[PDB]
$ cat structure_32.txt   # compact mmCIF, C-alpha atoms and all ligand atoms
# COMPACT_ATOMS: atom_id res chain seq x y z
CA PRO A 1 -1.41 1.14 38.06
CA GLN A 2 -1.27 3.48 41.01
CA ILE A 3 -3.83 2.43 43.62
CA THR A 4 -4.84 4.87 46.32
CA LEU A 5 -6.22 3.60 49.59
CA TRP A 6 -9.40 5.61 50.17
CA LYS A 7 -11.24 2.35 49.39
CA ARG A 8 -10.17 -1.26 49.87
CA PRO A 9 -7.60 -2.21 47.19
CA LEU A 10 -9.72 -4.94 45.61
CA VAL A 11 -8.67 -6.53 42.35
CA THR A 12 -9.87 -9.34 40.18
CA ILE A 13 -7.87 -12.52 40.30
CA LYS A 14 -8.15 -15.62 38.17
CA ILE A 15 -7.34 -19.01 39.65
CA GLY A 16 -8.49 -22.36 38.25
CA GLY A 17 -10.26 -20.55 35.41
CA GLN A 18 -12.44 -18.78 37.96
CA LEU A 19 -12.59 -15.03 38.60
CA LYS A 20 -12.55 -13.93 42.21
CA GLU A 21 -12.10 -10.67 44.07
CA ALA A 22 -9.10 -10.27 46.35
CA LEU A 23 -7.51 -7.63 48.56
CA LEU A 24 -3.97 -6.49 47.88
CA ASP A 25 -2.50 -6.79 51.36
CA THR A 26 0.92 -5.55 52.27
CA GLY A 27 0.43 -6.75 55.82
CA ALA A 28 0.05 -10.39 54.73
CA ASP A 29 3.17 -12.45 54.27
CA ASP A 30 1.24 -15.09 52.34
CA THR A 31 -1.72 -15.29 50.00
CA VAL A 32 -4.81 -16.84 51.53
CA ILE A 33 -8.00 -17.65 49.60
CA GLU A 34 -11.37 -18.95 50.64
CA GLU A 35 -12.19 -22.60 50.23
CA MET A 36 -11.93 -23.82 46.67
CA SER A 37 -10.42 -26.77 44.85
CA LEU A 38 -6.88 -26.72 43.62
CA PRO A 39 -4.83 -29.38 41.92
CA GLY A 40 -2.06 -31.47 43.40
CA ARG A 41 -1.02 -32.21 46.91
CA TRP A 42 -1.11 -29.84 49.85
CA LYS A 43 0.93 -29.45 53.01
CA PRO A 44 -0.18 -28.15 56.39
CA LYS A 45 0.36 -24.64 57.61
CA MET A 46 -0.77 -22.57 60.54
CA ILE A 47 -1.07 -18.85 60.08
CA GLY A 48 -1.68 -16.25 62.75
CA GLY A 49 -3.75 -13.20 62.22
CA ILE A 50 -5.54 -10.68 64.33
CA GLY A 51 -7.94 -13.14 66.11
CA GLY A 52 -5.65 -16.10 66.44
CA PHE A 53 -4.21 -19.00 64.44
CA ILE A 54 -5.95 -21.00 61.75
CA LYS A 55 -5.01 -24.14 59.84
CA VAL A 56 -4.78 -23.80 56.09
CA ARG A 57 -3.94 -26.01 53.11
CA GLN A 58 -0.72 -24.94 51.42
CA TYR A 59 -0.55 -25.46 47.66
CA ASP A 60 2.72 -24.64 45.93
CA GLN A 61 3.40 -23.42 42.34
CA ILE A 62 -0.19 -22.42 41.61
CA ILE A 63 -0.86 -20.32 38.55
CA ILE A 64 -2.82 -17.19 39.44
CA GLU A 65 -3.54 -13.99 37.53
CA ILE A 66 -3.71 -10.80 39.67
CA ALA A 67 -5.07 -7.60 38.16
CA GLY A 68 -3.90 -8.92 34.82
CA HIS A 69 -0.43 -9.91 35.98
CA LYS A 70 0.64 -13.56 35.97
CA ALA A 71 2.07 -15.08 39.11
CA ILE A 72 2.96 -18.66 39.98
CA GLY A 73 3.46 -19.43 43.64
CA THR A 74 2.09 -20.54 46.96
CA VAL A 75 -1.59 -20.22 47.73
CA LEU A 76 -3.03 -21.01 51.14
CA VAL A 77 -6.62 -22.15 51.30
CA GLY A 78 -8.71 -21.81 54.45
CA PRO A 79 -11.35 -19.88 56.32
CA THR A 80 -10.19 -16.36 55.69
CA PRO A 81 -12.85 -13.67 55.72
CA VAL A 82 -11.66 -12.20 52.40
CA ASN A 83 -9.26 -13.42 49.72
CA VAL A 84 -5.94 -11.73 50.35
CA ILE A 85 -2.95 -11.38 48.05
CA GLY A 86 0.11 -11.28 50.25
CA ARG A 87 3.68 -10.28 49.72
CA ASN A 88 4.71 -13.62 48.22
CA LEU A 89 2.70 -12.75 45.10
CA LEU A 90 2.76 -8.95 45.36
CA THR A 91 6.52 -9.20 44.74
CA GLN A 92 5.91 -11.30 41.64
CA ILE A 93 3.68 -8.63 40.10
CA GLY A 94 6.19 -5.92 40.95
CA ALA A 95 4.22 -4.11 43.59
CA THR A 96 5.72 -1.43 45.77
CA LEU A 97 4.33 0.93 48.37
CA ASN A 98 5.10 4.60 47.72
CA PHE A 99 4.67 7.79 49.69
CA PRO B 1 10.10 6.48 49.71
CA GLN B 2 9.50 3.47 47.50
CA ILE B 3 9.16 0.39 49.69
CA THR B 4 9.60 -2.99 48.17
CA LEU B 5 7.75 -5.99 49.58
CA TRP B 6 10.48 -8.58 49.79
CA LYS B 7 10.31 -8.04 53.53
CA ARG B 8 7.56 -6.81 55.86
CA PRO B 9 7.06 -3.03 55.34
CA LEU B 10 7.84 -1.93 58.84
CA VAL B 11 8.33 1.64 59.89
CA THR B 12 8.88 3.68 63.00
CA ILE B 13 5.92 5.60 64.29
CA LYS B 14 5.46 8.02 67.15
CA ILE B 15 2.18 7.90 69.01
CA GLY B 16 1.25 9.20 72.43
CA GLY B 17 4.86 10.27 72.81
CA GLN B 18 6.15 6.73 72.27
CA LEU B 19 8.20 5.30 69.49
CA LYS B 20 6.92 2.03 68.10
CA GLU B 21 7.40 -0.14 65.06
CA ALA B 22 4.42 -0.76 62.82
CA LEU B 23 3.46 -2.56 59.63
CA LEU B 24 2.16 -0.51 56.71
CA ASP B 25 -0.88 -2.57 55.92
CA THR B 26 -3.05 -1.94 52.87
CA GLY B 27 -5.31 -4.83 53.96
CA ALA B 28 -6.23 -3.10 57.29
CA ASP B 29 -9.14 -0.64 57.10
CA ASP B 30 -8.12 0.96 60.40
CA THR B 31 -4.93 1.45 62.39
CA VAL B 32 -4.58 -0.98 65.31
CA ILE B 33 -1.93 -0.63 68.02
CA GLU B 34 -0.94 -2.92 70.92
CA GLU B 35 -2.23 -2.01 74.37
CA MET B 36 -1.22 1.51 75.42
CA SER B 37 -2.85 4.48 77.03
CA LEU B 38 -4.08 7.32 74.83
CA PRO B 39 -5.77 10.56 75.88
CA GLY B 40 -9.45 11.32 75.54
CA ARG B 41 -12.63 9.46 75.17
CA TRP B 42 -12.95 6.06 73.63
CA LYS B 43 -15.62 3.55 72.70
CA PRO B 44 -15.52 -0.20 72.33
CA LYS B 45 -15.30 -1.95 68.99
CA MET B 46 -14.85 -5.45 67.63
CA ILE B 47 -12.63 -5.96 64.60
CA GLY B 48 -12.18 -9.19 62.68
CA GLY B 49 -9.45 -10.82 60.71
CA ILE B 50 -8.07 -14.21 60.00
CA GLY B 51 -8.54 -16.11 63.37
CA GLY B 52 -11.69 -14.12 64.29
CA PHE B 53 -12.38 -10.99 66.31
CA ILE B 54 -10.70 -8.97 69.00
CA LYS B 55 -12.21 -6.22 71.20
CA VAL B 56 -10.46 -2.86 70.93
CA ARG B 57 -10.79 0.68 72.25
CA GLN B 58 -11.54 3.23 69.55
CA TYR B 59 -9.89 6.65 70.02
CA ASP B 60 -10.66 9.43 67.55
CA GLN B 61 -8.50 12.41 66.45
CA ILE B 62 -5.18 10.86 67.41
CA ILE B 63 -2.01 12.18 65.86
CA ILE B 64 0.61 9.78 64.70
CA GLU B 65 3.98 10.45 63.07
CA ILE B 66 4.59 7.77 60.46
CA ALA B 67 8.03 7.44 59.03
CA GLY B 68 8.33 11.23 59.59
CA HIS B 69 4.94 12.20 58.24
CA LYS B 70 2.21 13.43 60.58
CA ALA B 71 -1.33 12.13 60.26
CA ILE B 72 -4.50 12.39 62.31
CA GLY B 73 -7.33 9.91 62.63
CA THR B 74 -8.84 6.99 64.54
CA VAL B 75 -6.60 4.56 66.34
CA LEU B 76 -7.80 1.24 67.67
CA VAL B 77 -6.08 -0.12 70.77
CA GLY B 78 -6.14 -3.77 71.82
CA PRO B 79 -4.56 -7.20 71.82
CA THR B 80 -3.27 -7.23 68.25
CA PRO B 81 -0.15 -9.37 67.68
CA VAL B 82 1.38 -6.56 65.55
CA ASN B 83 1.00 -2.80 65.27
CA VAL B 84 -0.62 -1.99 61.95
CA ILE B 85 -1.03 1.31 60.14
CA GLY B 86 -4.19 0.91 58.16
CA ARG B 87 -5.75 2.72 55.24
CA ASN B 88 -7.30 5.42 57.38
CA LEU B 89 -3.84 6.85 58.05
CA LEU B 90 -2.05 5.56 54.92
CA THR B 91 -4.28 7.83 52.83
CA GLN B 92 -3.22 10.90 54.86
CA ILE B 93 0.44 10.34 54.07
CA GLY B 94 -0.39 9.82 50.40
CA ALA B 95 0.57 6.17 50.29
CA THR B 96 -0.15 4.24 47.13
CA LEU B 97 0.35 0.76 45.82
CA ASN B 98 2.09 0.73 42.42
CA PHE B 99 2.67 -2.02 39.90
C1 LIG C 1 -7.07 -10.25 57.07
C2 LIG C 1 -7.28 -8.84 56.57
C3 LIG C 1 -8.62 -8.75 55.86
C4 LIG C 1 -7.31 -7.83 57.74
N1 LIG C 1 -6.09 -7.75 58.56
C5 LIG C 1 -4.90 -6.98 58.05
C6 LIG C 1 -3.78 -7.95 57.53
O1 LIG C 1 -2.83 -7.23 56.75
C7 LIG C 1 -3.12 -8.79 58.66
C8 LIG C 1 -2.21 -8.00 59.65
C9 LIG C 1 -1.50 -8.92 60.67
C10 LIG C 1 -0.16 -9.28 60.56
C11 LIG C 1 0.44 -10.15 61.50
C12 LIG C 1 -0.30 -10.69 62.54
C13 LIG C 1 -1.66 -10.37 62.65
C14 LIG C 1 -2.24 -9.49 61.71
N2 LIG C 1 -2.32 -9.85 58.07
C15 LIG C 1 -2.59 -11.17 58.18
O2 LIG C 1 -3.55 -11.67 58.87
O3 LIG C 1 -1.67 -11.95 57.41
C16 LIG C 1 -1.78 -13.41 57.60
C17 LIG C 1 -1.48 -14.02 56.22
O4 LIG C 1 -0.06 -13.87 56.02
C18 LIG C 1 0.52 -13.88 57.32
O5 LIG C 1 1.54 -12.88 57.53
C19 LIG C 1 1.00 -12.07 58.57
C20 LIG C 1 0.07 -12.95 59.43
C21 LIG C 1 -0.52 -13.84 58.37
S1 LIG C 1 -6.32 -7.69 60.33
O6 LIG C 1 -4.92 -7.65 61.03
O7 LIG C 1 -7.19 -8.92 60.78
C22 LIG C 1 -7.21 -6.16 60.78
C23 LIG C 1 -8.59 -6.05 60.70
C24 LIG C 1 -9.17 -4.78 60.89
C25 LIG C 1 -8.37 -3.64 61.11
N3 LIG C 1 -8.88 -2.38 61.32
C26 LIG C 1 -6.99 -3.78 61.09
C27 LIG C 1 -6.39 -5.03 60.88
CL CL C 2 5.34 -18.06 46.56
CL CL C 3 -9.87 8.02 60.64
CL CL C 4 -4.98 10.99 46.99
NA NA C 5 -10.26 11.68 70.85

$ encode --input "structure_32.txt" --output "structure tokens"
Amino acid sequence: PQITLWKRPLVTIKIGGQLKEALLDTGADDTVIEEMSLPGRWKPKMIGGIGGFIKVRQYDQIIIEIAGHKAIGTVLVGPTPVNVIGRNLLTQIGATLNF
Amino acid sequence: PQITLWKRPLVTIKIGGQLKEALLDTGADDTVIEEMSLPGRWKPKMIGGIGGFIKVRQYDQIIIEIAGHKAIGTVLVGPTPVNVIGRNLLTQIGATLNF
């Protein structure tokens, strides 16, 4: 797919059998999703965005489908205002920016 | 170009006569630049992201040169940790996300 940017680049993701909406975000290093349950252990992480730092739960090697493409990697869970797919998983689905 | 996402997609921009580095950010609705002076009128705005909100100055009809391509639109100025080129200007340079 070729996604233009006149609207937010929102896609359907599937994580834990659940469909969610997420933003494809080239300005995010990491993928951050709103509070949900994920399996296994987590490790702490602080991430810094526009407004300041937040604490998140880091889950590694999580299976996630993004716009129909399978990825397996790190998912951060915390109080983000929107689910964002960051570069760690955009690279796994082969995404590039083009102009 | 085609920009891969293994690393942050940073580019050189020219704005208000100044060269700056900025992140090409599909997750940003609007372009946000670190504190600088710009000509003309402005109005206050609050914009929110992970960590919460910051107060910015909204300037309209600002020209920016992005990676050699000129674009005009709104630029927000304030205490952002990173300069970001958001969708409002990415569209004008014909940027797309492809996978
Ligand atoms: C959270 C998104 C919905 C919105 N953001 C754009 C986003 O790309 C930011 C842009 C960004 C980048 C660095 C620092 C602050 C903000 N990235 C970000 O917060 O990423 C976090 C998750 O991975 C990490 O890597 C980068 C920081 C972490 S935002 O910077 O808060 C923002 C909000 C509104 C406008 N107009 C412009 C930008
Ligand atoms: Cl990962
Ligand atoms: Cl604009
Ligand atoms: Cl177009
Ligand atoms: Na103006």

$ residues_near_ligand --input "structure_32.txt" --ligand "ligand NA 5 (chain C)" --cutoff "10 Å" --atoms "all atoms listed in the file" --output "short mmCIF file (atom, residue, chain, number, x, y, z; two decimals) with C-alpha atoms, in the frame of the given file"
data_model
loop_
_atom_site.label_atom_id
_atom_site.label_comp_id
_atom_site.auth_asym_id
_atom_site.auth_seq_id
_atom_site.Cartn_x
_atom_site.Cartn_y
_atom_site.Cartn_z
CA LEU B 38 -4.08 7.32 74.83
CA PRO B 39 -5.77 10.56 75.88
CA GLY B 40 -9.45 11.32 75.54
CA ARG B 41 -12.63 9.46 75.17
CA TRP B 42 -12.95 6.06 73.63
CA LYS B 43 -15.62 3.55 72.70
CA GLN B 58 -11.54 3.23 69.55
CA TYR B 59 -9.89 6.65 70.02
CA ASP B 60 -10.66 9.43 67.55
CA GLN B 61 -8.50 12.41 66.45
CA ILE B 62 -5.18 10.86 67.41
CA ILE B 63 -2.01 12.18 65.86
CA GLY B 73 -7.33 9.91 62.63
CA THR B 74 -8.84 6.99 64.54
CA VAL B 75 -6.60 4.56 66.34
#

$ calpha_fit_and_write --input "structure_32.txt" --fixed "chain A" --moving "chain B" --output "compact mmCIF listing (two decimals) with C-alpha atoms, keeping the file's coordinate frame"
# COMPACT_ATOMS: atom_id res chain seq x y z
CA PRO B 1 -1.71 1.24 38.00
CA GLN B 2 -1.43 3.57 40.96
CA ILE B 3 -3.95 2.51 43.60
CA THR B 4 -4.93 4.92 46.26
CA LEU B 5 -5.95 3.69 49.70
CA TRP B 6 -9.09 5.67 50.36
CA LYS B 7 -10.92 2.41 49.80
CA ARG B 8 -9.91 -1.24 50.15
CA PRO B 9 -7.49 -2.16 47.29
CA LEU B 10 -9.55 -4.90 45.75
CA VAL B 11 -8.81 -6.51 42.44
CA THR B 12 -10.04 -9.32 40.27
CA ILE B 13 -7.95 -12.44 40.21
CA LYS B 14 -8.20 -15.67 38.28
CA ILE B 15 -7.19 -18.84 40.08
CA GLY B 16 -7.98 -22.45 39.31
CA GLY B 17 -10.07 -21.19 36.42
CA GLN B 18 -12.27 -19.08 38.70
CA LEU B 19 -12.65 -15.37 38.93
CA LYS B 20 -12.53 -13.97 42.44
CA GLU B 21 -12.08 -10.65 44.15
CA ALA B 22 -9.09 -10.21 46.43
CA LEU B 23 -7.43 -7.62 48.63
CA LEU B 24 -3.89 -6.52 47.79
CA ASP B 25 -2.39 -6.87 51.22
CA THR B 26 1.12 -5.71 52.05
CA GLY B 27 0.61 -6.93 55.64
CA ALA B 28 0.07 -10.59 54.51
CA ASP B 29 3.25 -12.65 54.06
CA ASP B 30 1.39 -15.24 51.98
CA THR B 31 -1.65 -15.33 49.72
CA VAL B 32 -4.74 -16.81 51.40
CA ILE B 33 -7.91 -17.73 49.50
CA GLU B 34 -11.34 -18.90 50.71
CA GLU B 35 -12.10 -22.61 50.47
CA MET B 36 -11.72 -23.94 46.92
CA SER B 37 -10.20 -26.93 45.24
CA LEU B 38 -6.76 -26.60 43.66
CA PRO B 39 -4.75 -29.25 41.82
CA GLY B 40 -1.77 -31.10 43.22
CA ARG B 41 -0.33 -31.91 46.53
CA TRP B 42 -0.81 -29.86 49.63
CA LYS B 43 0.31 -29.78 53.24
CA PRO B 44 -1.30 -28.36 56.34
CA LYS B 45 -0.30 -25.05 57.87
CA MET B 46 -1.44 -22.72 60.62
CA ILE B 47 -1.36 -18.98 60.00
CA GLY B 48 -2.05 -16.28 62.56
CA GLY B 49 -3.45 -12.81 62.53
CA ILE B 50 -5.53 -10.56 64.65
CA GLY B 51 -8.10 -12.98 66.31
CA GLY B 52 -5.63 -15.92 66.32
CA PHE B 53 -4.90 -18.80 63.97
CA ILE B 54 -6.63 -20.68 61.21
CA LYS B 55 -5.64 -24.02 59.62
CA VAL B 56 -5.06 -23.85 55.87
CA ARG B 57 -3.95 -26.10 53.02
CA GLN B 58 -0.67 -25.04 51.45
CA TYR B 59 -0.43 -25.54 47.67
CA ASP B 60 2.84 -24.74 45.90
CA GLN B 61 3.47 -23.58 42.29
CA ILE B 62 -0.01 -22.20 41.72
CA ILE B 63 -0.57 -19.68 38.97
CA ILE B 64 -2.74 -16.71 39.60
CA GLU B 65 -3.68 -13.84 37.29
CA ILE B 66 -3.81 -10.65 39.34
CA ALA B 67 -5.38 -7.63 37.81
CA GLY B 68 -4.13 -9.00 34.45
CA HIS B 69 -0.65 -9.95 35.57
CA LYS B 70 0.35 -13.60 35.91
CA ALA B 71 2.26 -14.80 38.95
CA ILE B 72 3.26 -18.17 40.35
CA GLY B 73 3.77 -19.18 43.95
CA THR B 74 2.27 -20.67 47.11
CA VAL B 75 -1.41 -20.27 47.82
CA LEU B 76 -2.96 -21.02 51.17
CA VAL B 77 -6.56 -22.24 51.20
CA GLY B 78 -8.85 -22.08 54.22
CA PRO B 79 -11.50 -20.28 56.22
CA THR B 80 -10.26 -16.72 55.74
CA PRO B 81 -12.99 -14.04 55.85
CA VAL B 82 -11.42 -12.33 52.78
CA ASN B 83 -9.24 -13.37 49.87
CA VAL B 84 -5.84 -11.77 50.26
CA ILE B 85 -2.95 -11.46 47.83
CA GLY B 86 0.10 -11.38 50.00
CA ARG B 87 3.70 -10.35 49.50
CA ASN B 88 4.73 -13.65 47.98
CA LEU B 89 2.73 -12.81 44.85
CA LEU B 90 2.78 -8.99 45.12
CA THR B 91 6.55 -9.10 44.56
CA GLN B 92 6.10 -11.07 41.31
CA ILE B 93 3.89 -8.38 39.82
CA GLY B 94 6.35 -5.70 40.91
CA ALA B 95 4.07 -4.07 43.44
CA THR B 96 5.50 -1.34 45.62
CA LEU B 97 4.30 0.97 48.32
CA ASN B 98 5.14 4.62 47.58
CA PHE B 99 4.95 7.73 49.70

$ closest_atom_pairs --input "structure_32.txt" --of "chain A" --to "ligand CL 4 (chain C)" --cutoff "9 Å" --atoms "only C-alpha atoms and all ligand atoms" --output "tab-separated table"
residue	atom	partner	partner_atom	distance
A:4	CA	C:CL4	CL	6.2
A:5	CA	C:CL4	CL	7.9
A:6	CA	C:CL4	CL	7.7

$ residues_around --input "structure_32.txt" --residues "region 9-20 of chain B" --least-positions-apart "6" --cutoff "10 Å" --atoms "all atoms listed in the file" --output "list in words"
residues 26, 27, 87, 96 and 97 of chain A; 3, 33, 34, 36, 37, 38, 39, 62, 63, 64, 65, 66, 67, 68, 69, 70, 75, 83, 84 and 85 of chain B

$ closest_residue --input "structure_32.txt" --among "A:30, A:23, A:94, A:99" --to "residue 81 (chain A)" --atoms "all atoms listed in the file"
A:23

$ residues_near_ligand --input "structure_32.txt" --ligand "ligand LIG 1 (chain C)" --cutoff "6 Å" --atoms "all atoms listed in the file" --output "VMD selection string"
(chain A and resid 25 27 to 30 47 to 50 82) or (chain B and resid 25 27 to 32 47 to 50 81 to 82)

$ closest_residue --input "structure_32.txt" --among "A:77, A:54, A:46, A:71" --to "chain B" --atoms "all atoms listed in the file"
A:54

$ decode --input "structure_32.txt" --residues "region 62-88 of chain A" --atoms "N, CA and C atoms" --output "PDB file, in the first residue's frame"
ATOM      1  N   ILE A  62       6.402  -9.899  21.203  1.00  0.00           N
ATOM      2  CA  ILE A  62       4.943  -9.951  21.117  1.00  0.00           C
ATOM      3  C   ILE A  62       4.517 -10.037  19.662  1.00  0.00           C
ATOM      4  N   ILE A  63       3.613 -10.966  19.406  1.00  0.00           N
ATOM      5  CA  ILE A  63       3.067 -11.175  18.078  1.00  0.00           C
ATOM      6  C   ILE A  63       1.983 -10.122  17.823  1.00  0.00           C
ATOM      7  N   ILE A  64       2.122  -9.377  16.725  1.00  0.00           N
ATOM      8  CA  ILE A  64       1.173  -8.337  16.400  1.00  0.00           C
ATOM      9  C   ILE A  64       1.013  -8.284  14.886  1.00  0.00           C
ATOM     10  N   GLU A  65      -0.212  -8.181  14.422  1.00  0.00           N
ATOM     11  CA  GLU A  65      -0.493  -8.020  13.004  1.00  0.00           C
ATOM     12  C   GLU A  65      -0.770  -6.548  12.733  1.00  0.00           C
ATOM     13  N   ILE A  66      -0.163  -5.968  11.710  1.00  0.00           N
ATOM     14  CA  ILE A  66      -0.297  -4.539  11.391  1.00  0.00           C
ATOM     15  C   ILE A  66      -0.714  -4.378   9.951  1.00  0.00           C
ATOM     16  N   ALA A  67      -1.929  -3.944   9.710  1.00  0.00           N
ATOM     17  CA  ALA A  67      -2.422  -3.756   8.352  1.00  0.00           C
ATOM     18  C   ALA A  67      -2.219  -5.035   7.558  1.00  0.00           C
ATOM     19  N   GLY A  68      -2.420  -6.166   8.244  1.00  0.00           N
ATOM     20  CA  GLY A  68      -2.287  -7.450   7.566  1.00  0.00           C
ATOM     21  C   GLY A  68      -0.889  -8.025   7.440  1.00  0.00           C
ATOM     22  N   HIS A  69       0.077  -7.330   8.002  1.00  0.00           N
ATOM     23  CA  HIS A  69       1.456  -7.812   8.017  1.00  0.00           C
ATOM     24  C   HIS A  69       1.883  -8.274   9.407  1.00  0.00           C
ATOM     25  N   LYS A  70       2.486  -9.466   9.483  1.00  0.00           N
ATOM     26  CA  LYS A  70       2.859 -10.008  10.782  1.00  0.00           C
ATOM     27  C   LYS A  70       4.204  -9.449  11.226  1.00  0.00           C
ATOM     28  N   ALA A  71       4.230  -9.053  12.492  1.00  0.00           N
ATOM     29  CA  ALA A  71       5.414  -8.580  13.162  1.00  0.00           C
ATOM     30  C   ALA A  71       5.513  -9.289  14.509  1.00  0.00           C
ATOM     31  N   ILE A  72       6.716  -9.411  15.017  1.00  0.00           N
ATOM     32  CA  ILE A  72       6.933  -9.985  16.340  1.00  0.00           C
ATOM     33  C   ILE A  72       8.036  -9.161  16.981  1.00  0.00           C
ATOM     34  N   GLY A  73       7.713  -8.429  18.035  1.00  0.00           N
ATOM     35  CA  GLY A  73       8.703  -7.518  18.590  1.00  0.00           C
ATOM     36  C   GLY A  73       8.215  -6.832  19.845  1.00  0.00           C
ATOM     37  N   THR A  74       8.900  -5.749  20.179  1.00  0.00           N
ATOM     38  CA  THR A  74       8.645  -5.095  21.464  1.00  0.00           C
ATOM     39  C   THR A  74       7.436  -4.165  21.401  1.00  0.00           C
ATOM     40  N   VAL A  75       6.597  -4.326  22.416  1.00  0.00           N
ATOM     41  CA  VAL A  75       5.416  -3.478  22.548  1.00  0.00           C
ATOM     42  C   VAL A  75       5.469  -2.854  23.932  1.00  0.00           C
ATOM     43  N   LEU A  76       5.385  -1.542  23.985  1.00  0.00           N
ATOM     44  CA  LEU A  76       5.291  -0.795  25.215  1.00  0.00           C
ATOM     45  C   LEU A  76       3.812  -0.507  25.517  1.00  0.00           C
ATOM     46  N   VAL A  77       3.437  -0.703  26.773  1.00  0.00           N
ATOM     47  CA  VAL A  77       2.102  -0.454  27.212  1.00  0.00           C
ATOM     48  C   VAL A  77       2.102   0.636  28.295  1.00  0.00           C
ATOM     49  N   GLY A  78       1.255   1.661  28.033  1.00  0.00           N
ATOM     50  CA  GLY A  78       1.157   2.764  28.975  1.00  0.00           C
ATOM     51  C   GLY A  78       0.154   3.798  28.489  1.00  0.00           C
ATOM     52  N   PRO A  79       0.095   4.893  29.234  1.00  0.00           N
ATOM     53  CA  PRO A  79      -0.912   5.912  28.958  1.00  0.00           C
ATOM     54  C   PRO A  79      -0.510   6.803  27.810  1.00  0.00           C
ATOM     55  N   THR A  80      -0.603   6.276  26.628  1.00  0.00           N
ATOM     56  CA  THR A  80      -0.423   7.014  25.396  1.00  0.00           C
ATOM     57  C   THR A  80      -1.783   7.486  24.929  1.00  0.00           C
ATOM     58  N   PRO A  81      -1.898   8.659  24.333  1.00  0.00           N
ATOM     59  CA  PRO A  81      -3.211   9.070  23.864  1.00  0.00           C
ATOM     60  C   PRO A  81      -3.762   8.335  22.656  1.00  0.00           C
ATOM     61  N   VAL A  82      -2.959   7.617  21.925  1.00  0.00           N
ATOM     62  CA  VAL A  82      -3.357   6.880  20.737  1.00  0.00           C
ATOM     63  C   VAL A  82      -2.308   5.761  20.630  1.00  0.00           C
ATOM     64  N   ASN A  83      -2.756   4.633  20.114  1.00  0.00           N
ATOM     65  CA  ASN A  83      -1.864   3.512  19.842  1.00  0.00           C
ATOM     66  C   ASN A  83      -0.939   3.927  18.707  1.00  0.00           C
ATOM     67  N   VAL A  84       0.365   3.789  18.904  1.00  0.00           N
ATOM     68  CA  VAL A  84       1.269   4.169  17.838  1.00  0.00           C
ATOM     69  C   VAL A  84       2.211   3.001  17.511  1.00  0.00           C
ATOM     70  N   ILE A  85       2.334   2.768  16.197  1.00  0.00           N
ATOM     71  CA  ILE A  85       3.264   1.812  15.651  1.00  0.00           C
ATOM     72  C   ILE A  85       4.524   2.570  15.261  1.00  0.00           C
ATOM     73  N   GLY A  86       5.598   2.286  15.983  1.00  0.00           N
ATOM     74  CA  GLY A  86       6.849   2.969  15.790  1.00  0.00           C
ATOM     75  C   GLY A  86       7.809   2.200  14.887  1.00  0.00           C
ATOM     76  N   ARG A  87       8.987   2.777  14.743  1.00  0.00           N
ATOM     77  CA  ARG A  87       9.912   2.262  13.749  1.00  0.00           C
ATOM     78  C   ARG A  87      10.327   0.832  14.029  1.00  0.00           C
ATOM     79  N   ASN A  88      10.341   0.401  15.289  1.00  0.00           N
ATOM     80  CA  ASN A  88      10.744  -0.971  15.565  1.00  0.00           C
ATOM     81  C   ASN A  88       9.852  -1.973  14.834  1.00  0.00           C
TER      82      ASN A  88
END
